[PDB]
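Visitor:
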Amino acid sequence: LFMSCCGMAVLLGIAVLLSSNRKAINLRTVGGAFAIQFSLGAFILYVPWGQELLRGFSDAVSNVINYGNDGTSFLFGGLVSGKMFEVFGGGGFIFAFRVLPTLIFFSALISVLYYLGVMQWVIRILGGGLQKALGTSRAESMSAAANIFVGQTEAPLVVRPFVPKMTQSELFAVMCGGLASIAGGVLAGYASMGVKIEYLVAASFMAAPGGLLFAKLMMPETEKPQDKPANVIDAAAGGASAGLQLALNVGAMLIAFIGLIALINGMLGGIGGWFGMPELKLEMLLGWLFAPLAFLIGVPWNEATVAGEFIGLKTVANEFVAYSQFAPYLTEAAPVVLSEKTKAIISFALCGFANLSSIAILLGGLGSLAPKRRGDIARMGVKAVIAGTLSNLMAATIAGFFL
Amino acid sequence: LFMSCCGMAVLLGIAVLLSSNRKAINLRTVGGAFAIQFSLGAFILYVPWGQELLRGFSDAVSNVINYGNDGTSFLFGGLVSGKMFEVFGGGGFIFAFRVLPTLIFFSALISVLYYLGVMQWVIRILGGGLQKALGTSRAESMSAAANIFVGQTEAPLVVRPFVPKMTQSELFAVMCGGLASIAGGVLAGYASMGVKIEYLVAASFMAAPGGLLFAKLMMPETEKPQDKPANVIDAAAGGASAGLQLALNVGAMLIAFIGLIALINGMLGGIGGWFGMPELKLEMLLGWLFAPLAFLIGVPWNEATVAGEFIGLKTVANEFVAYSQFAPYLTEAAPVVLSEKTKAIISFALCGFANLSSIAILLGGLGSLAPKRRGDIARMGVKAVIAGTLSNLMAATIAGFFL
Amino acid sequence: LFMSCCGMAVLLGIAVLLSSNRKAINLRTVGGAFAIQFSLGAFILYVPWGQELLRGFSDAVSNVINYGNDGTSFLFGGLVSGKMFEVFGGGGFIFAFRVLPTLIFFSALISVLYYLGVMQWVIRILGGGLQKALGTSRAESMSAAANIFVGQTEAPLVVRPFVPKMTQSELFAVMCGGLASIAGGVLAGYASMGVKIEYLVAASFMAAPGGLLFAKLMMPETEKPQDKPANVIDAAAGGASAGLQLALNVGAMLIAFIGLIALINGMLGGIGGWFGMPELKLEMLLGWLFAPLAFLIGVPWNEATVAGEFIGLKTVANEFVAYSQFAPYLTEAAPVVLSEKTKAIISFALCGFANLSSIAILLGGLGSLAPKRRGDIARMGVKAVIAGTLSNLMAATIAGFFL
Ligand SMILES: CCCCCCCCCCO[C@@H]1O[C@H](CO)[C@@H](O[C@H]2O[C@H](CO)[C@@H](O)[C@H](O)[C@H]2O)[C@H](O)[C@H]1O
Ligand SMILES: CCCCCCCCCCO[C@@H]1O[C@H](CO)[C@@H](O[C@H]2O[C@H](CO)[C@@H](O)[C@H](O)[C@H]2O)[C@H](O)[C@H]1O
Ligand SMILES: CCCCCCCCCCO[C@@H]1O[C@H](CO)[C@@H](O[C@H]2O[C@H](CO)[C@@H](O)[C@H](O)[C@H]2O)[C@H](O)[C@H]1O
Ligand SMILES: Nc1ccn([C@@H]2O[C@H](CO)[C@@H](O)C2(F)F)c(=O)n1
Ligand SMILES: Nc1ccn([C@@H]2O[C@H](CO)[C@@H](O)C2(F)F)c(=O)n1
Ligand SMILES: Nc1ccn([C@@H]2O[C@H](CO)[C@@H](O)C2(F)F)c(=O)n1
Ligand code: NA
Ligand code: NA
Ligand code: NA
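Protein chains in written order, with the deposited numbering: chain A, 3 to 229, 241 to 416; chain A', 3 to 229, 241 to 416; chain A'', 3 to 229, 241 to 416. A prime marks a further copy of an entry chain.
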């Protein structure tokens with residue numbers, strides 16, 4: 003457990019070194035933020051009552067997923083039935099029909115829960131508890147709590163009239179809240195790929211204090227902060254349309270990226286052959302390079318390289334592509350049998366939208382909420398991705414600690 | 003037959019009660035409009051020659067559908083072949099590949115028929131006959147006749163330079179013409195789901211006088227009314254693109270709505286359990302609530318509840334979702350064997366875009382044709398949906414009368 | 003071989019007759035342009051070393067195609083596996099999952115190769131060699147060389163600040179470069195349909211001098227010519254999104270057009286029956302009408318009619334629809350066994366975006382680069398399509414000559 007605590011120290015250390023003003027770091031804020039994330043981890047991953055609450059929220063999500071599967075079962079019929087496994091076997095699981103439509107249903111549901119005020123009610127509680135404990139501003143705290151369920155570009159919408167005039171520290175924290183977390187739609191998508199829901203739900207909740215933690219470490223507050242569809246069926250329709258667009262984007266990206274990686278590996282096998290390494294692939298490079306990082310967060314020495322392949326791929330590309338390559342390692346047909354703790358660490362370290370491509374996404378979604386602040390987003394973009402990555406790594410170290 | 007005639011009376015009665023000026027109702031207009039819709043029903047559903055003309059137009063449509071299926075058979079190959087039924091059985095029918103591509107072909111065809119002037123030629127005849135018999139204005143009569151073949155947002159395009167300056171009664175009638183009818187694309191889609199084409203074609207034609215009927219009952223005229242692609246291949250391309258966008262929208266909606274209903278039923282089973290009704294579902298509620306309405310339009314007492322499930326679902330959601338749940342009741346594997354008359358009544362009462370979500374659609378499509386008239390559309394939106402619903406119910410009562 | 007040389011003469015003759023100023027035709031330009039296209043044909047289709055270089059570039063493309071297929075194999079699983087052929091046979095090949103996703107991968111790859119400067123490097127060499135040999139301007143020469151790999155609306159992007167002010171001859175040549183060629187995305191798509199890659203690669207390269215040839219014949223220069242994503246992963250993402258949109262457009266078009274042709278044939282069988290020709294179809298008309306044209310470019314007398322069906326369909330619709338009907342003639346289950354030379358001629362004569370529908374496309378893509386020049390594009394549109402068609406026919410005659 004000493005390797006984990008040192009891992010937490012190193013991650014905190016990098017944040018301080020990369021700070022904009024280490025002397026401006028509020029010790030109440032970053033102290034409690036780490037305290038909450040650690041206590042939350044101790045709660046739902048260690049203590050009996052906390053584990054019972056986590057398995058109860060996950061089973062509820064797992065039921066919602068199955069209910070939404072009635073929709074895709076209607077559209078694609080027997081292509082998503084059980085006979086697909088008899089005829090095709092492992093290839094019977096058609097990713098395009100099994101996972102992608104889940105993004106559509108969950109986007110429509112969340113859109114409904116927003117219209118009913120259910121989402122706002124939960125966000126107001128989680129967000130209000132953070133600002134009264136960390137001293138963070140109202141707007142950045144709501145966006146942090148919102149990011150537990152929705153994406154990086156949808157979370158600030160709950161405080162969109164406060165975005166164009168919020169401080170650079172607030173705006174940075176807003177960027178970090180979305181980079182450290184995921185969305186409810188893709189969450190259910192990853193769960194359909196074999197990723198344990200308990201880990202996804204946990205990592206999503208720990209993202210709110212964790213996102214604020216490294217946001218106020220690398221960018222402390224130095225300024226002075228301040229302070241709809243016609244019906245429920247329209248809300249569902251709008252959410253379904255937004256999910257469809259997302260589902261198409263994710264699908265095209267996976268076809269391209271995986272294909273590109275396959276092209277890269279083919280070239281790496283030829284270039285590597287010139288130096289006596291014809292078996293050279295992208296996984297080997299990412300694995301060999303992220304193995305120390307994986308070893309630092311609590312992954313065993315003999316599993317650090319394989320774990321480095323997935324964590325590295327999540328960074329250089331995105332977490333969806335990483336999960337796509339990590340999903341086979343969660344079944345009985347896995348090429349490498351990993352320990353249950355390592356499976357948890359990778360699941361937590363991948364659960365985040367933290368990647369270089371998300372900077373252009375933050376410029377698009379969050380940038381449209383404050384067009385005169387696009388210059389500040391592009392400037393703090395790199396620092397925000399790093400801050401988001403550290404939050405995922407910390408959540409993985411905490412998870413590995415209590416497991 | 004006395005229950006049907008009383009049904010017609012009640013439907014007419016509600017329209018008068020909900021009128022904007024019952025004293026301004028032109029008895030020539032609403033008298034002939036009901037006369038035409040009833041005579042049209044008597045024509046193609048009773049008399050020998052009229053039935054021969056209806057079965058001839060439906061077989062032509064059925065052939066066009068099969069011709070368009072050569073396109074989807076090319077793209078999806080064996081996934082839409084006969085071997086799918088051998089391997090999967092009932093689940094062999096893949097809705098996404100069987101029904102959705104039909105929207106693309108029929109949208110491209112109608113776009114072609116517009117370029118050739120074939121559509122305008124038929125509309126000018128049907129629309130001109132209505133205005134000379136009902137006294138309705140030129141523009142609202144053309145949009146009424148256009149709505150037989152095209153959707154609510156495409157029909158007013160034949161009279162789009164007259165929309166921004168037409169009276170509130172004209173604009174309301176335009177809204178009602180599209181709410182009371184469907185489109186040629188989705189028509190072929192419903193036909194591919196097992197819905198009898200003869201009913202769909204009939205209901206589509208009866209929508210023109212029926213739409214004007216309840217438009218001039220709930221909103222009589224109190225003011226004084228007034229009065241392109243480069244080639245045919247481009248027209249087909251533009252229509253195909255519009256159909257594709259529609260096909261994606263419908264598909265995502267069905268995945269979401271059906272999934273949401275599945276989620277609602279799961280919750281209704283838990284909430285209902287608190288009051289000793291664990292088998293409580295959405296179908297039971299909609300059925301129990303729309304049973305008197307179904308019984309009023311001519312559905313037998315022992316079939317009013319089941320029929321109420323579909324009619325209610327068409328209202329609270331849309332007719333596509335309703336048809337999706339009603340389609341299994343048209344096959345030999347139906348959970349409840351319905352009478353041939355009841356099957357007709359449901360088919361006519363569902364054949365319409367009349368739902369609450371269509372108000373936002375009218376604001377989008379029709380609203381773009383008259384941006385300064387969006388306030389009037391949103392105001393008369395609710396009344397227009399009711400007026401559109403009554404037209405479908407009347408067409409169902411007339412159909413049930415002559416059957 | 004005398005029929006081929008006469009074919010080249012006739013094609014050149016039509017260009018001179020349709021010229022804007024036959025007396026303004028630069029004999030250095032059009033002389034060398036035909037010389038290069040003919041020599042290029044003599045190079046990679048006749049001489050040993052040239053054939054070895056063509057088979058080497060095609061095998062590289064064929065490997066890239068297979069690497070990209072790892073992406074679609076992930077998304078669609080067993081629907082693109084080998085068991086599909088066992089269960090369905092010929093219908094096992096699902097076009098929607100086999101060919102369409104290739105457009106997505108190749109669009110993402112080209113987008114990456116642009117970010118790395120690899121594309122610009124090759125274009126600068128091929129484009130620079132043309133302008134120093136033909137005397138053509140810098141901008142139109144780069145767009146000509148760019149068109150070898152990318153589409154008609156993407157090629158002028160390498161010289162987009164020179165488009166609004168370039169002469170009518172330059173703008174026309176730019177239009178012709180894209181009409182005479184295809185794109186790298188659809189190229190790999192056609193290759194997946196059975197079309198020989200060697201022919202597609204060859205025709206793509208011969209399009210650059212061939213496009214300029216008939217551009218400076220039908221529109222000689224009479225005036226005086228003048229003279241980015243944040244990272245590589247964003248470039249791949251943007252290219253994947255553009256490919257997805259293209260893949261959806263192509264798919265919807267094929268469903269519609271093939272379905273429309275099926276509808277046309279059904280009507281032609283009824284109309285033709287009135288004149289004692291009930292077997293009358295669209296293929297017969299296009300075949301009987303384009304048979305002299307096919308016979309002129311080097312197709313045997315007994316194969317000119319069948320070849321006329323495909324060439325005609327490429328013109329009246331597009332090359333994708335033509336390739337879709339020509340692809341079965343490349344397998345062992347072909348209804349008509351064609352000679353290897355005829356298979357090459359059709360492959361070269363179809364390899365082009367030259368169709369009437371591309372005028373509206375040039376108005377959209379190229380028109381957005383110069384909004385005040387849309388009037389000139391629409392004016393020279395028809396002449397440009399003809400000029401693009403002649404370039405494909407010439408490349409087919411040259412190919413048939415050396416084979
Ligand atoms: C298919 C998967 C295979 C794995 C391949 C992994 C390769 C990753 C390459 C990353 O390259 C850098 O990414 C930054 C991302 O933004 C860019 O910064 C750009 O954007 C920054 C953010 O604002 C600015 O600070 C910079 O000035 C600006 O160059 C930068 O140019 C670019 O060199
Ligand atoms: C998945 C299927 C499950 C079945 C569920 C069925 C539930 C239906 C709920 C309908 O709710 C109402 O719908 C109106 C629709 O427009 C809204 O009116 C709104 O729009 C009207 C039209 O302009 C205005 O008159 C109103 O002021 C404005 O509130 C209104 O707010 C809303 O309460
Ligand atoms: C599914 C496949 C079945 C095969 C069917 C084949 C039928 C082909 C019909 C072509 O018709 C012409 O195409 C031109 C294409 O543009 C149009 O020119 C239009 O555009 C030109 C280009 O700018 C202008 O010169 C013209 O004035 C303008 O009429 C023209 O109107 C139109 O009559
Ligand atoms: N709601 C969502 C879901 C996804 N994404 C972007 O898509 C990538 C893969 O999920 C994520 O890495 C991404 F975050 F970049 C997004 O921006 N918003
Ligand atoms: N041409 C069309 C077709 C459909 N729709 C809308 O989609 C719902 C289901 O068909 C219809 O209920 C709807 F009407 F709302 C539309 O607006 N226009
Ligand atoms: N990159 C591309 C690819 C295709 N297209 C258009 O689509 C038709 C079929 O490929 C082509 O005929 C077309 F050219 F018209 C395009 O414009 N640009
Ligand atoms: Na989030
Ligand atoms: Na209509
Ligand atoms: Na090109």
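We put the CB at the ideal spot given by N, CA and C, even for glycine.
Report yes if the C-beta of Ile246(A'') is less than 7 angstroms from at least one heavy atom of ligand 1; otherwise report no.
Guide: To locate residue 246(A''), count along the third sequence from 1; it is residue 233. Yes, ligand 1 has a heavy atom inside 7 angstroms of this Cβ.
Visitor: Quick check on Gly80(A') - is its C-beta less than 8 angstroms from some C-beta in chain A?
Guide: For this step, residue 80(A') is matched to residue 78 along the second sequence. Chain A contact via Cβ: absent.
Visitor: Measure from the C-beta of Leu273(A'') to each C-beta in chain A' and report whether the shortest distance is under 8 angstroms.
Guide: The sequence position of residue 273(A'') within the third sequence is 260, counting from 1. For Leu273(A''), the answer is yes, since a Cβ of chain A' falls inside 8 angstroms of its Cβ.
Visitor: Under 8 angstroms, do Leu343(A') and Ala335(A') count as touching if we go by C-beta distance?
Guide: Your numbering for residue 343(A') matches position 330 in the second sequence. Your numbering for residue 335(A') matches position 322 in the second sequence. It is not a contact, given that the beta carbons lie outside the stated cut-off.
Visitor: Please name the residues in the region 62 to 88 of chain A'' whose beta-carbon is closer than 7 angstroms to at least one beta-carbon of chain A', in chain order.
Guide: Among the residues of the region 62 to 88 of chain A'', none has a Cβ less than 7 angstroms away from any Cβ of chain A'.
Visitor: Whose Cβ in chain A lies nearer than 9 angstroms to the Cβ of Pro291(A'')?
Guide: Indexing the third sequence from 1 puts residue 291(A'') at position 278. Simply none; closest approach about 38 angstroms.
Visitor: Under the three-state reduction of DSSP, which class applies to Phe303(A): helix, strand or coil?
Guide: Sequence index remark: in the first sequence, residue 303(A) carries index 290 (1-based). In the three-state scheme derived from DSSP, where H, G and I count as helix and E and B as strand, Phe303(A) is classed as helix.
Visitor: With 16 other CB atoms within 10 Å as the buried threshold, where does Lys241(A'') fall?
Guide: Counted from its first residue, the third sequence places residue 241(A'') at position 228. Counting Cβ neighbours within 10 Å, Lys241(A'') comes out exposed, since fewer than 16 surround it.
Visitor: Compare the C-alpha of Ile399(A') against each of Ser371(A'), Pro384(A'), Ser194(A') and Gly70(A') and name the closest.
Guide: Taking the first residue of the second sequence as 1, we reach residue 399(A') at position 386. It is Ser371(A').
Visitor: How would you call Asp247(A'), buried or exposed, if buried means at least 16 neighbouring beta carbons within 10 angstroms?
Guide: Within the second sequence, numbered from 1, the residue matching residue 247(A') stands at position 234. By the 10 Å Cβ count, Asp247(A') comes out buried.
Visitor: Between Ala243(A'') and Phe76(A''), what straight-line distance do the alpha-carbon atoms span, to the nearest angstrom?
Guide: Here the question's residue 243(A'') lines up with position 230 in the third sequence. Here the question's residue 76(A'') lines up with position 74 in the third sequence. Going from the Cα of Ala243(A'') to the Cα of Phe76(A'') covers about 28 angstroms.
Visitor: Chain A' beta carbons: is any one of them nearer than 8 angstroms to that of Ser60(A)?
Guide: Taking the first residue of the first sequence as 1, we reach residue 60(A) at position 58. With 8 angstroms as the cut-off, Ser60(A) does not count as an interface residue toward chain A'.
Visitor: Give me the residue from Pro341(A''), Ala307(A''), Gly388(A'') and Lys396(A'') with the minimum Cα distance to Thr355(A'').
Guide: Walking along the third sequence from the start, residue 355(A'') turns up at place 342. It is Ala307(A'').
Visitor: According to DSSP, is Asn65(A'') part of a helix, a strand, or is it coil?
Guide: Here residue 65(A'') refers to the residue found at position 63 of the third sequence. Of the three classes helix, strand and coil, the one that applies to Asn65(A'') here is helix, per DSSP.
Visitor: Mind checking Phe207(A'): buried by the 16 CB within 10 Å criterion, or exposed?
Guide: Looking up residue 207(A') in the second sequence gives position 205. It is buried - the Cβ of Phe207(A') has at least 16 other Cβ atoms within 10 Å.
Visitor: For ligand 9, any of its heavy atoms closer than 7 angstroms to the Cβ of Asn368(A'')?
Guide: Sequence index remark: in the third sequence, residue 368(A'') carries index 355 (1-based). No, the beta carbon of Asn368(A'') sits no closer than 7 angstroms to any heavy atom of ligand 9.
Visitor: Helix or strand or just coil, what does DSSP make of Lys167(A'')?
Guide: If you number the third sequence from 1, residue 167(A'') lands on position 165. Three-state DSSP puts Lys167(A'') in coil, outside helix and strand.
Visitor: Am I right that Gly129(A'') and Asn149(A'') are in contact with their C-beta atoms under 8 angstroms? What's the rounded C-beta distance?
Guide: Reading the third sequence from its first residue, position 127 is the one you call residue 129(A''). Reading the third sequence from its first residue, position 147 is the one you call residue 149(A''). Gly129(A'') to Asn149(A''), Cβ: 10 angstroms. No contact.
Visitor: Taking Cβ-Cβ distances shorter than 7 angstroms, what residues in chain A'' pair up with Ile372(A')?
Guide: The residue given as residue 372(A') occupies position 359 in the second sequence. Correct list: empty, because the minimum Cβ distance to chain A'' is about 28 angstroms.
Visitor: For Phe107(A') versus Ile274(A''), is the C-beta spacing smaller than 8 angstroms?
Guide: Within the second sequence, residue 107(A') is the residue found at index 105, counting from 1. Within the third sequence, residue 274(A'') is the residue found at index 261, counting from 1. Contact flag unset, no.
Visitor: Looking at chain A, is there any beta carbon in it that lies within less than 8 angstroms of the beta carbon of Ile112(A'')?
Guide: Numbered from 1 along the third sequence, position 110 holds the residue referred to as residue 112(A''). Judged by the 8 angstroms Cβ criterion, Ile112(A'') is not in contact with chain A.
Visitor: Since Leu369(A'') meets chain A', which of its residues come closer than 7 angstroms, beta carbon to beta carbon?
Guide: Mapped onto the third sequence, residue 369(A'') falls at position 356. Residues of chain A' passing the Cβ test: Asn244 and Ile246.
Visitor: Start and end of the alpha helix (DSSP H) containing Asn278(A)?
Guide: As a first step, residue 278(A) is located in the first sequence; it is residue number 265 there, counting from the start. That run of the alpha helix (DSSP H) goes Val245 to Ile284.
Visitor: Cβ-heavy atom distance between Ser371(A'') and ligand 6 below 7 angstroms?
Guide: In the third sequence, counting from the first residue as 1, residue 371(A'') sits at position 358. True, at least one ligand heavy atom lies under 7 angstroms from that Cβ.
Visitor: Against chain A', does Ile268(A) count as a neighbour if the rule is that its beta carbon must be under 8 angstroms from one of theirs?
Guide: Stepping through the first sequence from its first residue, residue 268(A) is reached at position 255. Against chain A', the CB of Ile268(A) has no partner CB under 8 angstroms away; the residue lies outside that interface.
Visitor: Check each residue's C-beta against every heavy atom of ligand 7 and list, in chain order, those closer than 6 angstroms.
Guide: Output, sorted by chain position: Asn149(A), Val152(A), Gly153(A), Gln154(A), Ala157(A), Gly180(A), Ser183(A), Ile184(A) and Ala185(A).
Visitor: Which two residues bound the contiguous alpha helix (DSSP H) that contains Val160(A)?
Guide: Start at 1 with the first residue of the first sequence, and residue 160(A) comes out as number 158. No alpha helix (DSSP H) contains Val160(A), which DSSP labels as neither H nor E.
Visitor: Measuring only between beta-carbons, confirm whether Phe151(A'') sits less than 8 angstroms from chain A.
Guide: For this step, residue 151(A'') is matched to residue 149 along the third sequence. Output row for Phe151(A''): interface = no.
Visitor: List the residues of chain A'' whose Cβ lies closer than 9 angstroms to the Cβ of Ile96(A), in chain order.
Guide: Within the first sequence, residue 96(A) is the residue found at index 94, counting from 1. Within 9 angstroms Cβ-Cβ: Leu77, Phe78, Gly79, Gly80 and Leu81.
Visitor: Kindly say whether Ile106(A''), judged by its beta-carbon, lies nearer than 8 angstroms to any beta-carbon of chain A.
Guide: Taking the first residue of the third sequence as 1, we reach residue 106(A'') at position 104. So yes, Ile106(A'') belongs to the interface.
Visitor: Can you round the beta-carbon distance between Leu302(A'') and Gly285(A'') to whole angstroms, since I take them to be within the 8 angstroms contact cut?
Guide: For this step, residue 302(A'') is matched to residue 289 along the third sequence. For this step, residue 285(A'') is matched to residue 272 along the third sequence. Wrong, their Cβ atoms sit about 15 angstroms apart, outside the cutoff.
Visitor: Does any heavy atom of ligand 1 sit closer than 7 angstroms to the C-beta of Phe90(A')?
Guide: For this step, residue 90(A') is matched to residue 88 along the second sequence. No; taking the cut-off as 7 angstroms, the Cβ of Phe90(A') has no heavy atom of ligand 1 nearer than that.
Visitor: Quick one: grab the DSSP three-state call for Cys364(A).
Guide: To locate residue 364(A), count along the first sequence from 1; it is residue 351. It is coil, neither helix nor strand.
Visitor: Who are the neighbours of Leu257(A') on chain A'', taking C-beta pairs under 7 angstroms?
Guide: Within the second sequence, the letter at position 244 stands for residue 257(A'). Result: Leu261 and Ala265.
Visitor: Is there a C-beta anywhere in chain A' that falls below 8 angstroms from the one on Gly380(A'')?
Guide: Taking the third sequence and counting its residues from 1, the one referred to as residue 380(A'') is at position 367. No - not a single Cβ of chain A' is within 8 angstroms of the one on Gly380(A'').
Visitor: Using 7 angstroms as the cut-off, classify the Cβ of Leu273(A'') as near or not near the heavy atoms of ligand 3, replying yes or no.
Guide: Taking the first residue of the third sequence as position 1, residue 273(A'') is located at position 260. Yes.
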